[PDB]
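A lone chain, given as structure tokens: the form deposited in one PDB entry.
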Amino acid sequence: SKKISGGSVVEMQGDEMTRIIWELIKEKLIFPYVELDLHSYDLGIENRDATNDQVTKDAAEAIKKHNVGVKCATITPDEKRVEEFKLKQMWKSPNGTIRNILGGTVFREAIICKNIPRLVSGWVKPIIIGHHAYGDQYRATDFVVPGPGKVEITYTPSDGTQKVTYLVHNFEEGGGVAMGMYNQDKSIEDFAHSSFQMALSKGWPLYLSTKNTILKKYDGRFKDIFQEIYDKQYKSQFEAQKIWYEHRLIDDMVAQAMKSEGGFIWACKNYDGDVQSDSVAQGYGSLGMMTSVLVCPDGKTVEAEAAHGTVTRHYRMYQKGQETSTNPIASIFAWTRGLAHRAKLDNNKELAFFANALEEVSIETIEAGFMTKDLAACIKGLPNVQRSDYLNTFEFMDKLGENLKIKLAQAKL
């Protein structure tokens, strides 16, 4: 039938294997059924170098303008990759630039298929982890104490008066290490607002984990800010949807997440959520099933992408003309989450139906027995997987396109 009017969507192309999969997704799953007003920005390392990383800021401002962006996995430069593509500078992570310009919080969620076993058996519903990516250990000032001496940390108000001196330690036996770290009230407030809005959107309870029994001033501030914002702006909206917010001790938090069935938002400090990420990805199965959504404190602008990288090994294989089996679920769901938020903003029933139908097609295709090699490894175990247990990248994309056409034709019966 007719194409669904999508609206303004900021698209950002990426690098390598995820870029090939991105083109496949656009050609076979989106454009045949959706007419979009695309604002494309090639965030590949090639075009990010030729523009001195201006295209990244342009795409971030386009997201600020149009409230919804979908992003392909991009190469983050390091020492070896500057020599690989012969770059000028070692440009910063595009994800970090977009995160700073937008000022939101990233939430990771695993896509569940009933036939894909999980390392934590009881997990039935997703555990959406929101990660405060500012300050703490990641903006700290650490140094080696080489000998006996005094380590103090001081606070001096801007007008110069009434300095407060906190004696950290007095080394009289050899040396050791010391460090000071900080965090901002504004960043914590943005983090709390994003977490509350994410919980209200997903319709799930919200938990914040700290160690305020030990760090009574430091983590107590996180607890206080979350509680103030909750009681003043979100309590009634939570109780209406029969959800709730609670502060938890990080010990209790990881324990209860270990023995729960899932289905909640978990707001973590920088170190905690960063330590998680990989582990939750492992516990749910494959990285190709993990999506990320950057939500802003206003709850209006959303930037969706896959939580995995560009899958460099599979691209290295694909360059030689070898058979690859790369999971596209996370990128497809980046597209579907972007389109679903677009439909919510535009009051678009057809686009909402299409995005949900694409998610259902993906999950049903996997649950019926068609999957890539990583999910087949989750089922059978890596050494026991054979070529007949999975489809390759292009075979799986073809199957998804077939089933999507079938379901959207049944949207006319």
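The first residue of the sequence shown is number 1, and the count goes up from there. For the two forms, the rigid core is made up of the largest set of C-alpha atoms that agree within 1.5 Å on superposition.
Beyond what is shown, the protein has a form deposited in another entry; the following relates to that form.
- Comparing the forms between this form and the one not shown on their rigid core, the Cα displacement of residue 77 stays under 2 Å.
- After superposing the rigid core, the C-alpha of residue 309 moves by less than 2 Å between this form and the one not shown.
- In summary, the C-alpha positions of residue 242 and residue 342 diverge in the other entry, ending up at least 3 angstroms farther from each other than in this conformation.
- Distance between the C-alpha atoms of residue 64 and residue 201: longer in the other entry than here (change of 3 Å or more).
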